[PDB]
Number of protein chains: 4
Amino acid sequence: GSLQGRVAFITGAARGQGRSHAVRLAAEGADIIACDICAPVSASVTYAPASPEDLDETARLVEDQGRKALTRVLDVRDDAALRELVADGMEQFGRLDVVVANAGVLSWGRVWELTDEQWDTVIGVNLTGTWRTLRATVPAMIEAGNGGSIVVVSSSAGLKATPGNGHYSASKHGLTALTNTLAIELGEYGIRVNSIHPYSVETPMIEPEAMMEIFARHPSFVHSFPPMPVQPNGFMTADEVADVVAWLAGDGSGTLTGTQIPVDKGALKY
Amino acid sequence: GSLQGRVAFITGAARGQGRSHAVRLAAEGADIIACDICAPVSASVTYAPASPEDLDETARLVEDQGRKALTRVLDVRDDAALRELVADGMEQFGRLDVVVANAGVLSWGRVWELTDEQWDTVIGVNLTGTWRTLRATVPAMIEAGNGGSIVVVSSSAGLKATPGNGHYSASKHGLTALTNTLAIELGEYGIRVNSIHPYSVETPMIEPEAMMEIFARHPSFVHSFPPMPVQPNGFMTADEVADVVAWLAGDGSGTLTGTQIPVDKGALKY
Amino acid sequence: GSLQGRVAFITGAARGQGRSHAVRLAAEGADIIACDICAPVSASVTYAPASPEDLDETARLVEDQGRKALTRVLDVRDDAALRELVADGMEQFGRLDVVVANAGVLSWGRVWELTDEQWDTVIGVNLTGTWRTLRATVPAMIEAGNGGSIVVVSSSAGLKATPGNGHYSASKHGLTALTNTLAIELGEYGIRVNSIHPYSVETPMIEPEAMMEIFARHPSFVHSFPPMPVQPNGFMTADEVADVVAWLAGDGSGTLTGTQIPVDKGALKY
Amino acid sequence: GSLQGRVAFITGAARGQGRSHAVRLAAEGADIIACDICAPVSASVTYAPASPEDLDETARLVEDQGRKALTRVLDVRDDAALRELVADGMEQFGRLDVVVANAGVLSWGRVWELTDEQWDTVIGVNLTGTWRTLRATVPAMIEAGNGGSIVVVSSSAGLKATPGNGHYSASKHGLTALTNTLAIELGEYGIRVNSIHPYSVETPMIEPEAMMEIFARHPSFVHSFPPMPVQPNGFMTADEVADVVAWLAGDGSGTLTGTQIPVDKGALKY
Ligand SMILES: NC(=O)c1ccc[n+]([C@@H]2O[C@H](COP(=O)([O-])OP(=O)(O)OC[C@H]3O[C@@H](n4cnc5c(N)ncnc54)[C@H](O)[C@@H]3O)[C@@H](O)[C@H]2O)c1
Ligand SMILES: NC(=O)c1ccc[n+]([C@@H]2O[C@H](COP(=O)([O-])OP(=O)(O)OC[C@H]3O[C@@H](n4cnc5c(N)ncnc54)[C@H](O)[C@@H]3O)[C@@H](O)[C@H]2O)c1
Ligand SMILES: NC(=O)c1ccc[n+]([C@@H]2O[C@H](COP(=O)([O-])OP(=O)(O)OC[C@H]3O[C@@H](n4cnc5c(N)ncnc54)[C@H](O)[C@@H]3O)[C@@H](O)[C@H]2O)c1
Ligand SMILES: NC(=O)c1ccc[n+]([C@@H]2O[C@H](COP(=O)([O-])OP(=O)(O)OC[C@H]3O[C@@H](n4cnc5c(N)ncnc54)[C@H](O)[C@@H]3O)[C@@H](O)[C@H]2O)c1
């Protein structure tokens, strides 16, 4: 496979896109270090939470590919827990080639109506939590000496801010900037850093209830959420997003660092 | 008198660019609500801090333009302080036409070498603090019913992330997103929201030794910091930045909302 | 006035936006060199053409501002005619401070359905014609030695390409590039170069029959043409576009070169 | 292989990037239609031209992959030649799945110093010739009814214009626009359209002598041409660009349409 004998570290791997990346990267030959908070993060995040069962199942799916999975329940806002998982992973697998910084949360409210808890939770998990993930993994990837590839999961909202979630758009634009700063800073080490910007991926993060409420109260907001030109009905799958991550993780994308890749089937073109 | 009889609320107004905006908007006719921490923000911010004398100085300069100045020492991370200043300001002036969210801080370190204090300070002042400023002022502007103009001070690093300051670049990209989400959400209220992206402005924030050290350690980082094509030697002034803020604040820029204006004499073109 | 004693050269000045710039820059104190083809460009351009009477009217409006107008019927694709008008303008006024490259045409068709005529006309007037305008005017501005400001009229379709007019979108993206290349090349001469990107300006170019037909045949294209957030009904006026041009033309925008200014009341945010 | 039983049409296939794409897509299992002017395009293009022999070598390299090659000497500016090659191609192969519009030329000069020959050659080949290529191929792809993937070769200068070649930067920005217009127009047909933006690729197009002449006269222009952060010395190869084209051509990129992919090893981040 394109990743035979390599090792990837993936956050938010309990379900959804994170699980898809873990399984796909395993299918490509990588052993997997995977973590997820496996719990509701906040009263302000109103869709269904991931469970520890979900993470165990990612691990079974990785093992089904003939690979090894080290999994752990942790919060990416918990620096000590991240350091320890990285250390345990390096002891078990001995190298670190791919990082997928994927854990995130979403909530909704107009900028001046957002609460402290809404703000702090989204900025804290999405932006600070990603930074902590990067700070914990980068030294191990440098020390391993094999170069590497880091994929930061931003959002289409990380390139074009959307109404009703300025805190989420801010967190995700912040991720675009981290990706690009880190691409410059890690160039000399042979480590590439790129970001993906998905749209309309069918996971529990998309709460149809929340969207209907937003468009009910502010009908003009619909103009920020158009159909996808090459798939004008319904949603893309988490596995489809994993096609992009697999390619970025491997040598086929050796010419890309600092790129913002929209995974949106054309929606950002409208 | 492009702003005759109007009221502007400005953060970080003790000195530097914030001072220049206060005095200019005053000379255009606006009375001024202005605030600043007037103290060191963090050991991690190594250049000289502003003083309470600086903010009194801004107040006197505004008064010399024939206008009123309400000033206060507060931290933009202190929500109650912000709310109280907005309330006292509305009591005194009865309207709010312009917000210039200008308070900010800078420090330097590669992404994986940043400390919790460096990160938390930059994200908390620049991103969260700006959000708190917007949340505290937007409802007064809506209630006044005269529409208005909000200027968010981002940076050239909020459009093109730079090496050695990923936290700062993230904070300022986050501000780009806040500007654009807010522009959409406030359009129906007749309030325009735009961001400026300065480069090389002569204020204490760019005392040169930090940058000298960064380049000495990481020589390749110089490529991210080119000359300004229309001023290839030296620095732009804080009063030059206030020309742009003055035009965005007033009606001459009525066709602009959601725009990112580089104030860089062309440096972003390189 | 902000442009007192200065001289501006404006193309497509017979009506619409170009007329509004001519009259506005005259009100600011500038003398005006104004030109327009005053004729239908092509059978492929289906809205009403400008007439010589239109250009004489622009001249009368300039003269009512107390300023002088040199006007000339010419085609921006005609190099000799451009060179001759620049020369006559320098003989009359002895200087050249502002250039507004505004002449433009529009037609509609899907990429693979466009005719040679449709393509050649739009590329030829918009992209090549603007280039000829800059080549003919830039040497005179340099020679005069007072620095200057050049405004290139692109479109929102010069930043975000639209369906049904790939030729026009390509021409206007070409103008964004020309603006930026020229800004770098002219920096050393003290000449600023910026582009404006309007949307939904009420001129004959936007007679609604063509757009109505495009939408009826290709209904999904409607997603590319959202409302303006701060003006969700109707169109902006040519005089409103002239507010931005006037500011760019003068010293208040001395910190801007190489900037792309959307004049769209927020529409590109959606 | 990923493109087994499919057909790809490639322009500029005599050598350099175009040859790399033809041989790679053949290795993935596609039969090839390939064409090239195999002659000097213009006195204004000063580096060595491709030869008919170059194109025959490409054909052999395709046949070595065990695939069929239909090749033809033609100018992409020549519409009848394109239609006839497309027609012969469909008769021979029966379908058309991938188009790589790669033919291009480069020359150098400041905007107001460019000759008519310089301008007309670069716009005619790069912008108009690419348009003609798309207009000739898109109908055949639609009629075949299998969807498809179209790759437009722009340049880093199609994202960030460069000094000394405003005409080339304009032509390549125009290609960005064509890509995105076409992505919206072709979505309903299951045809994806994406653009690549390479930098520093080792082909005859990079003439060390012309660069040295440019920097000799205008030293400040060097700031637009930085090193590649993940390959700070030397050039990337044509085969490395072909990794990106092979991925875009195939189903692994099914989530991408309207994307601008920089192929620059990070250079655009500086
Ligand atoms: N669903 C979409 O349409 C969409 C679009 C663009 C971007 N995104 C982003 O994609 C990424 C994956 O989201 P998803 O769609 O699979 O949704 P999801 O909610 O199903 O998956 C996110 C996972 O992250 C975990 N997580 C949340 N906070 C965490 C924390 N503090 N520490 C550790 N783990 C945490 C969750 O438990 C969950 O398992 C997220 O970053 C999200 O913002 C989603
Ligand atoms: N100087 C530059 O080159 C440059 C370039 C681009 C952007 N910026 C941005 O411009 C803005 C103004 O900075 P400047 O150049 O005038 O530097 P400065 O340090 O001279 O001024 C910033 C002011 O903000 C105040 N401030 C900092 N943290 C605060 C807090 N928590 N609460 C209240 N006040 C606080 C400071 O006391 C100071 O008076 C900042 O947002 C900065 O990030 C500066
Ligand atoms: N109307 C809009 O909504 C809109 C939006 C974005 C950009 N634009 C651009 O604004 C600019 C001004 O257009 P407008 O809206 O005022 O439309 P308009 O057609 O009323 O004005 C354009 C003027 O350019 C002149 N012209 C056309 N081809 C010429 C040529 N070859 N040589 C000399 N003159 C020529 C015309 O005769 C006409 O007077 C154009 O470049 C157009 O592409 C318009
Ligand atoms: N080399 C670089 O660094 C670089 C960087 C960015 C983009 N590009 C672009 O990549 C593409 C490939 O260029 P390359 O680097 O392989 O250079 P190249 O000159 O080796 O290849 C270009 C090929 O296109 C052919 N061609 C030129 N004009 C033609 C016409 N009118 N009709 C048919 N064929 C024609 C040439 O004969 C040549 O074989 C071009 O579009 C170029 O602009 C190159």
# chains A, B, ... in the order shown; residues from 1 in each chain; ligands from 1
>>> closest_atom_pairs(of="chain C", to="chain D", cutoff="8 Å", atoms="only C-alpha atoms", output="JSON lines")
{"residue": "C:110", "atom": "CA", "partner": "D:185", "partner_atom": "CA", "distance": 7.0}
{"residue": "C:111", "atom": "CA", "partner": "D:182", "partner_atom": "CA", "distance": 6.6}
{"residue": "C:112", "atom": "CA", "partner": "D:135", "partner_atom": "CA", "distance": 4.2}
{"residue": "C:113", "atom": "CA", "partner": "D:135", "partner_atom": "CA", "distance": 7.3}
{"residue": "C:131", "atom": "CA", "partner": "D:111", "partner_atom": "CA", "distance": 7.7}
{"residue": "C:134", "atom": "CA", "partner": "D:112", "partner_atom": "CA", "distance": 6.7}
{"residue": "C:135", "atom": "CA", "partner": "D:112", "partner_atom": "CA", "distance": 4.1}
{"residue": "C:136", "atom": "CA", "partner": "D:112", "partner_atom": "CA", "distance": 7.4}
{"residue": "C:138", "atom": "CA", "partner": "D:112", "partner_atom": "CA", "distance": 6.7}
{"residue": "C:139", "atom": "CA", "partner": "D:112", "partner_atom": "CA", "distance": 7.4}
{"residue": "C:158", "atom": "CA", "partner": "D:177", "partner_atom": "CA", "distance": 7.7}
{"residue": "C:160", "atom": "CA", "partner": "D:177", "partner_atom": "CA", "distance": 7.5}
{"residue": "C:161", "atom": "CA", "partner": "D:177", "partner_atom": "CA", "distance": 5.2}
{"residue": "C:162", "atom": "CA", "partner": "D:181", "partner_atom": "CA", "distance": 5.3}
{"residue": "C:163", "atom": "CA", "partner": "D:181", "partner_atom": "CA", "distance": 5.0}
{"residue": "C:164", "atom": "CA", "partner": "D:185", "partner_atom": "CA", "distance": 7.5}
{"residue": "C:165", "atom": "CA", "partner": "D:181", "partner_atom": "CA", "distance": 7.5}
{"residue": "C:166", "atom": "CA", "partner": "D:181", "partner_atom": "CA", "distance": 5.4}
{"residue": "C:167", "atom": "CA", "partner": "D:178", "partner_atom": "CA", "distance": 7.4}
{"residue": "C:169", "atom": "CA", "partner": "D:177", "partner_atom": "CA", "distance": 5.9}
{"residue": "C:170", "atom": "CA", "partner": "D:174", "partner_atom": "CA", "distance": 4.0}
{"residue": "C:171", "atom": "CA", "partner": "D:174", "partner_atom": "CA", "distance": 6.2}
{"residue": "C:172", "atom": "CA", "partner": "D:174", "partner_atom": "CA", "distance": 7.6}
{"residue": "C:173", "atom": "CA", "partner": "D:174", "partner_atom": "CA", "distance": 5.3}
{"residue": "C:174", "atom": "CA", "partner": "D:170", "partner_atom": "CA", "distance": 4.0}
{"residue": "C:175", "atom": "CA", "partner": "D:170", "partner_atom": "CA", "distance": 6.6}
{"residue": "C:176", "atom": "CA", "partner": "D:170", "partner_atom": "CA", "distance": 7.6}
{"residue": "C:177", "atom": "CA", "partner": "D:170", "partner_atom": "CA", "distance": 5.0}
{"residue": "C:178", "atom": "CA", "partner": "D:166", "partner_atom": "CA", "distance": 5.4}
{"residue": "C:180", "atom": "CA", "partner": "D:161", "partner_atom": "CA", "distance": 5.9}
{"residue": "C:181", "atom": "CA", "partner": "D:163", "partner_atom": "CA", "distance": 4.8}
{"residue": "C:182", "atom": "CA", "partner": "D:111", "partner_atom": "CA", "distance": 6.5}
{"residue": "C:184", "atom": "CA", "partner": "D:163", "partner_atom": "CA", "distance": 6.2}
{"residue": "C:185", "atom": "CA", "partner": "D:163", "partner_atom": "CA", "distance": 6.0}
{"residue": "C:221", "atom": "CA", "partner": "D:184", "partner_atom": "CA", "distance": 7.8}
>>> write_last_selection(atoms="N, CA and C atoms", output="JSON list (two decimals), in the first residue's frame")
[["chain", "number", "residue", "atom", "x", "y", "z"],
["C", 110, "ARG", "N", -22.44, 29.66, -22.44],
["C", 110, "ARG", "CA", -21.60, 28.65, -21.77],
["C", 110, "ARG", "C", -20.26, 28.49, -22.51],
["C", 111, "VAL", "N", -19.23, 28.07, -21.78],
["C", 111, "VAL", "CA", -17.86, 28.04, -22.31],
["C", 111, "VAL", "C", -17.73, 27.37, -23.68],
["C", 112, "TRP", "N", -18.33, 26.19, -23.80],
["C", 112, "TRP", "CA", -18.24, 25.44, -25.05],
["C", 112, "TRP", "C", -19.25, 25.86, -26.10],
["C", 113, "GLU", "N", -20.08, 26.86, -25.78],
["C", 113, "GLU", "CA", -21.06, 27.38, -26.72],
["C", 113, "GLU", "C", -20.76, 28.80, -27.21],
["C", 131, "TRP", "N", -4.86, 46.63, -21.34],
["C", 131, "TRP", "CA", -3.40, 46.58, -21.43],
["C", 131, "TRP", "C", -2.86, 47.72, -22.32],
["C", 134, "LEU", "N", -3.03, 50.97, -20.43],
["C", 134, "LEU", "CA", -1.91, 51.13, -19.49],
["C", 134, "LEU", "C", -0.59, 51.38, -20.20],
["C", 135, "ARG", "N", -0.32, 50.63, -21.26],
["C", 135, "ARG", "CA", 0.93, 50.89, -22.00],
["C", 135, "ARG", "C", 1.04, 52.30, -22.56],
["C", 136, "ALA", "N", -0.08, 52.84, -23.02],
["C", 136, "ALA", "CA", -0.09, 54.17, -23.58],
["C", 136, "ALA", "C", 0.00, 55.28, -22.52],
["C", 138, "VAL", "N", 1.10, 54.89, -18.95],
["C", 138, "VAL", "CA", 2.13, 54.72, -17.91],
["C", 138, "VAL", "C", 3.41, 55.55, -18.21],
["C", 139, "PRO", "N", 3.95, 55.48, -19.45],
["C", 139, "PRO", "CA", 5.13, 56.32, -19.74],
["C", 139, "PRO", "C", 4.95, 57.83, -19.49],
["C", 158, "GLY", "N", -14.12, 39.05, -11.66],
["C", 158, "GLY", "CA", -12.66, 39.01, -11.69],
["C", 158, "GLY", "C", -12.02, 38.43, -10.43],
["C", 160, "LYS", "N", -14.29, 36.07, -8.42],
["C", 160, "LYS", "CA", -15.05, 34.83, -8.33],
["C", 160, "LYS", "C", -15.78, 34.63, -9.66],
["C", 161, "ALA", "N", -15.25, 33.72, -10.47],
["C", 161, "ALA", "CA", -15.76, 33.49, -11.83],
["C", 161, "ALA", "C", -17.20, 33.02, -11.73],
["C", 162, "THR", "N", -18.01, 33.44, -12.70],
["C", 162, "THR", "CA", -19.42, 33.11, -12.75],
["C", 162, "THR", "C", -19.79, 32.24, -13.98],
["C", 163, "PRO", "N", -20.90, 31.47, -13.88],
["C", 163, "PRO", "CA", -21.34, 30.68, -15.01],
["C", 163, "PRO", "C", -22.08, 31.53, -16.07],
["C", 164, "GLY", "N", -21.98, 31.09, -17.31],
["C", 164, "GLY", "CA", -22.63, 31.77, -18.42],
["C", 164, "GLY", "C", -21.79, 32.88, -19.04],
["C", 165, "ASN", "N", -20.68, 33.24, -18.40],
["C", 165, "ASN", "CA", -19.76, 34.25, -18.97],
["C", 165, "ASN", "C", -18.30, 33.97, -18.64],
["C", 166, "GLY", "N", -17.82, 32.77, -18.97],
["C", 166, "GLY", "CA", -16.43, 32.41, -18.70],
["C", 166, "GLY", "C", -15.42, 33.33, -19.40],
["C", 167, "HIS", "N", -15.77, 33.82, -20.59],
["C", 167, "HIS", "CA", -14.89, 34.76, -21.31],
["C", 167, "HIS", "C", -14.74, 36.09, -20.55],
["C", 169, "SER", "N", -15.48, 36.63, -17.24],
["C", 169, "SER", "CA", -14.77, 36.24, -16.00],
["C", 169, "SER", "C", -13.26, 36.09, -16.25],
["C", 170, "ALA", "N", -12.86, 35.39, -17.31],
["C", 170, "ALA", "CA", -11.42, 35.26, -17.62],
["C", 170, "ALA", "C", -10.81, 36.65, -17.92],
["C", 171, "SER", "N", -11.50, 37.46, -18.71],
["C", 171, "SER", "CA", -10.97, 38.81, -19.00],
["C", 171, "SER", "C", -10.75, 39.59, -17.70],
["C", 172, "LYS", "N", -11.70, 39.48, -16.78],
["C", 172, "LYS", "CA", -11.66, 40.27, -15.54],
["C", 172, "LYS", "C", -10.66, 39.71, -14.53],
["C", 173, "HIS", "N", -10.45, 38.39, -14.52],
["C", 173, "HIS", "CA", -9.37, 37.79, -13.71],
["C", 173, "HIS", "C", -8.00, 38.22, -14.27],
["C", 174, "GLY", "N", -7.91, 38.27, -15.59],
["C", 174, "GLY", "CA", -6.71, 38.82, -16.24],
["C", 174, "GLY", "C", -6.39, 40.23, -15.77],
["C", 175, "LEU", "N", -7.41, 41.06, -15.56],
["C", 175, "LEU", "CA", -7.22, 42.41, -15.08],
["C", 175, "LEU", "C", -6.72, 42.48, -13.65],
["C", 176, "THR", "N", -7.19, 41.56, -12.80],
["C", 176, "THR", "CA", -6.67, 41.45, -11.45],
["C", 176, "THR", "C", -5.15, 41.22, -11.52],
["C", 177, "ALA", "N", -4.72, 40.30, -12.38],
["C", 177, "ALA", "CA", -3.28, 40.02, -12.52],
["C", 177, "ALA", "C", -2.49, 41.20, -13.03],
["C", 178, "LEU", "N", -3.00, 41.83, -14.08],
["C", 178, "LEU", "CA", -2.35, 43.03, -14.61],
["C", 178, "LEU", "C", -2.20, 44.11, -13.56],
["C", 180, "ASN", "N", -1.89, 43.65, -10.40],
["C", 180, "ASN", "CA", -0.92, 43.27, -9.38],
["C", 180, "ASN", "C", 0.53, 43.25, -9.86],
["C", 181, "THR", "N", 0.74, 42.70, -11.05],
["C", 181, "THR", "CA", 2.03, 42.82, -11.73],
["C", 181, "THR", "C", 2.44, 44.29, -11.85],
["C", 182, "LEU", "N", 1.53, 45.14, -12.35],
["C", 182, "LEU", "CA", 1.86, 46.57, -12.52],
["C", 182, "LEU", "C", 2.14, 47.28, -11.22],
["C", 184, "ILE", "N", 3.62, 46.00, -8.62],
["C", 184, "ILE", "CA", 5.01, 45.66, -8.25],
["C", 184, "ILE", "C", 5.98, 46.47, -9.13],
["C", 185, "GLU", "N", 5.67, 46.55, -10.42],
["C", 185, "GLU", "CA", 6.62, 47.18, -11.37],
["C", 185, "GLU", "C", 6.65, 48.68, -11.21],
["C", 221, "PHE", "N", -27.64, 28.16, -12.09],
["C", 221, "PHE", "CA", -26.69, 29.29, -12.15],
["C", 221, "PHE", "C", -27.08, 30.43, -11.21]]
>>> residues_around(residues="residue 74 in chain D", least_positions_apart="4", cutoff="10 Å", atoms="only C-alpha atoms", output="mmCIF file with N, CA and C atoms, in the first residue's frame")
data_model
loop_
_atom_site.group_PDB
_atom_site.id
_atom_site.type_symbol
_atom_site.label_atom_id
_atom_site.label_comp_id
_atom_site.auth_asym_id
_atom_site.auth_seq_id
_atom_site.Cartn_x
_atom_site.Cartn_y
_atom_site.Cartn_z
ATOM 1 N N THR D 11 -2.672 18.288 -24.399
ATOM 2 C CA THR D 11 -2.016 19.226 -25.304
ATOM 3 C C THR D 11 -0.625 19.574 -24.787
ATOM 4 N N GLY D 12 0.254 20.029 -25.675
ATOM 5 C CA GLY D 12 1.617 20.349 -25.256
ATOM 6 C C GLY D 12 2.373 19.109 -24.802
ATOM 7 N N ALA D 34 -2.787 12.847 -28.107
ATOM 8 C CA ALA D 34 -1.800 13.813 -27.692
ATOM 9 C C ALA D 34 -1.382 14.689 -28.867
ATOM 10 N N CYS D 35 -1.181 15.977 -28.602
ATOM 11 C CA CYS D 35 -0.833 16.884 -29.659
ATOM 12 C C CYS D 35 0.092 17.983 -29.175
ATOM 13 N N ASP D 36 0.781 18.609 -30.130
ATOM 14 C CA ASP D 36 1.817 19.612 -29.840
ATOM 15 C C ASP D 36 2.145 20.328 -31.115
ATOM 16 N N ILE D 37 2.516 21.605 -31.003
ATOM 17 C CA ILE D 37 2.861 22.390 -32.191
ATOM 18 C C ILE D 37 4.206 21.951 -32.785
ATOM 19 N N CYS D 38 5.098 21.383 -31.957
ATOM 20 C CA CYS D 38 6.386 20.837 -32.459
ATOM 21 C C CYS D 38 7.147 21.817 -33.371
ATOM 22 N N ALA D 39 7.089 23.109 -33.027
ATOM 23 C CA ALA D 39 7.721 24.158 -33.812
ATOM 24 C C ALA D 39 7.835 25.414 -32.950
ATOM 25 N N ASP D 78 -5.539 26.742 -33.583
ATOM 26 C CA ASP D 78 -6.154 26.325 -34.854
ATOM 27 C C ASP D 78 -7.347 25.442 -34.562
ATOM 28 N N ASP D 79 -8.529 26.049 -34.653
ATOM 29 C CA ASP D 79 -9.767 25.406 -34.266
ATOM 30 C C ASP D 79 -10.150 24.141 -35.059
ATOM 31 N N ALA D 80 -10.073 24.236 -36.382
ATOM 32 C CA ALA D 80 -10.346 23.091 -37.250
ATOM 33 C C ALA D 80 -9.441 21.890 -36.934
ATOM 34 N N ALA D 81 -8.163 22.142 -36.659
ATOM 35 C CA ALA D 81 -7.230 21.058 -36.325
ATOM 36 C C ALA D 81 -7.672 20.357 -35.043
ATOM 37 N N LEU D 82 -8.020 21.138 -34.011
ATOM 38 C CA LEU D 82 -8.517 20.581 -32.758
ATOM 39 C C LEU D 82 -9.773 19.720 -32.963
ATOM 40 N N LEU D 85 -8.885 16.426 -34.667
ATOM 41 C CA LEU D 85 -8.177 15.493 -33.782
ATOM 42 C C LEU D 85 -9.142 14.868 -32.779
#
>>> residues_near_ligand(ligand="ligand 2", cutoff="7 Å", atoms="only C-alpha atoms and all ligand atoms", output="ChimeraX atom specification")
/B:11-18,35-39,41,49-50,74-77,102-106,125-126,129,153-156,197-206
>>> atom_distance(atom1="CA of residue 90 in chain D", atom2="CA of residue 144 in chain D")
8.9 Å
>>> select_by_dssp(residues="range 98-231 of chain B", states="helix (DSSP H, G or I)", output="PyMOL selection string")
chain B and resi 111-113+116-144+156-158+166-189+204-206+209-217+219-224
>>> closest_residue(among="A:5, A:234, A:66, A:148", to="ligand 1", atoms="only C-alpha atoms and all ligand atoms")
A:234
>>> select_by_dssp(residues="range 15-220 of chain B", states="strand (DSSP E or B)", output="number ranges by chain")
B: 31-36, 69-73, 98-101, 109, 148-153, 165, 191-198, 201
>>> write_last_selection(atoms="C-alpha atoms", output="PDB file, in the first residue's frame")
ATOM      1  CA  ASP B  31     -16.816  62.219  19.859  1.00  0.00           C
ATOM      2  CA  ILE B  32     -14.679  59.347  21.185  1.00  0.00           C
ATOM      3  CA  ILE B  33     -15.092  56.465  23.636  1.00  0.00           C
ATOM      4  CA  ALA B  34     -11.585  54.983  23.948  1.00  0.00           C
ATOM      5  CA  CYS B  35      -9.972  52.322  26.130  1.00  0.00           C
ATOM      6  CA  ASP B  36      -6.715  50.485  26.670  1.00  0.00           C
ATOM      7  CA  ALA B  69     -13.339  61.959  24.985  1.00  0.00           C
ATOM      8  CA  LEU B  70     -14.536  59.329  27.424  1.00  0.00           C
ATOM      9  CA  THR B  71     -11.552  57.129  28.231  1.00  0.00           C
ATOM     10  CA  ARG B  72     -11.050  54.170  30.541  1.00  0.00           C
ATOM     11  CA  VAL B  73      -8.308  51.737  31.526  1.00  0.00           C
ATOM     12  CA  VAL B  98     -18.167  53.461  14.530  1.00  0.00           C
ATOM     13  CA  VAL B  99     -16.276  50.676  16.265  1.00  0.00           C
ATOM     14  CA  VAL B 100     -12.513  50.283  15.694  1.00  0.00           C
ATOM     15  CA  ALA B 101     -11.452  47.004  17.279  1.00  0.00           C
ATOM     16  CA  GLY B 109       8.011  31.405  18.576  1.00  0.00           C
ATOM     17  CA  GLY B 148     -22.809  52.280  11.254  1.00  0.00           C
ATOM     18  CA  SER B 149     -19.358  51.073  10.354  1.00  0.00           C
ATOM     19  CA  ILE B 150     -17.152  48.547  12.163  1.00  0.00           C
ATOM     20  CA  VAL B 151     -13.415  48.268  11.431  1.00  0.00           C
ATOM     21  CA  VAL B 152     -11.627  45.147  12.676  1.00  0.00           C
ATOM     22  CA  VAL B 153      -7.820  45.498  12.824  1.00  0.00           C
ATOM     23  CA  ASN B 165       4.154  33.691  14.868  1.00  0.00           C
ATOM     24  CA  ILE B 191     -24.056  48.227   9.554  1.00  0.00           C
ATOM     25  CA  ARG B 192     -20.960  47.628   7.448  1.00  0.00           C
ATOM     26  CA  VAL B 193     -18.065  45.536   8.743  1.00  0.00           C
ATOM     27  CA  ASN B 194     -14.619  45.610   7.130  1.00  0.00           C
ATOM     28  CA  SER B 195     -11.088  44.648   8.200  1.00  0.00           C
ATOM     29  CA  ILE B 196      -7.693  46.290   7.651  1.00  0.00           C
ATOM     30  CA  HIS B 197      -4.463  44.338   7.243  1.00  0.00           C
ATOM     31  CA  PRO B 198      -1.458  46.573   8.051  1.00  0.00           C
ATOM     32  CA  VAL B 201       3.645  50.248  11.001  1.00  0.00           C
TER      33      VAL B 201
END
>>> residues_around(residues="range 245-248 of chain B", least_positions_apart="4", cutoff="7 Å", atoms="only C-alpha atoms", output="NGL selection string")
:B and (21 or 24-25 or 241 or 252-253)
>>> residues_around(residues="residue 145 in chain D", least_positions_apart="2", cutoff="9 Å", atoms="only C-alpha atoms", output="short mmCIF file (atom, residue, chain, number, x, y, z; two decimals) with N, CA and C atoms, in the first residue's frame")
data_model
loop_
_atom_site.label_atom_id
_atom_site.label_comp_id
_atom_site.auth_asym_id
_atom_site.auth_seq_id
_atom_site.Cartn_x
_atom_site.Cartn_y
_atom_site.Cartn_z
N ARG D 95 -14.54 7.08 -26.60
CA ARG D 95 -14.90 7.77 -25.36
C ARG D 95 -13.84 8.83 -25.02
N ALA D 140 -17.52 16.30 -26.75
CA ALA D 140 -17.24 14.88 -26.94
C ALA D 140 -17.34 14.16 -25.60
N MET D 141 -16.86 14.82 -24.55
CA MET D 141 -16.93 14.26 -23.20
C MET D 141 -18.38 14.14 -22.74
N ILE D 142 -19.19 15.19 -22.96
CA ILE D 142 -20.62 15.14 -22.65
C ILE D 142 -21.33 14.03 -23.45
N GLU D 143 -21.08 13.99 -24.75
CA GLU D 143 -21.77 13.01 -25.62
C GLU D 143 -21.46 11.57 -25.20
N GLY D 147 -19.29 10.99 -17.69
CA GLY D 147 -18.60 12.00 -16.88
C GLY D 147 -17.14 12.14 -17.28
N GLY D 148 -16.35 12.76 -16.41
CA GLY D 148 -14.96 12.97 -16.75
C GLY D 148 -14.26 13.90 -15.80
N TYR D 189 -23.29 17.69 -15.55
CA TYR D 189 -22.85 16.61 -16.44
C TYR D 189 -21.95 15.54 -15.81
N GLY D 190 -21.68 15.66 -14.51
CA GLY D 190 -20.71 14.76 -13.87
C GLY D 190 -19.29 14.93 -14.37
#
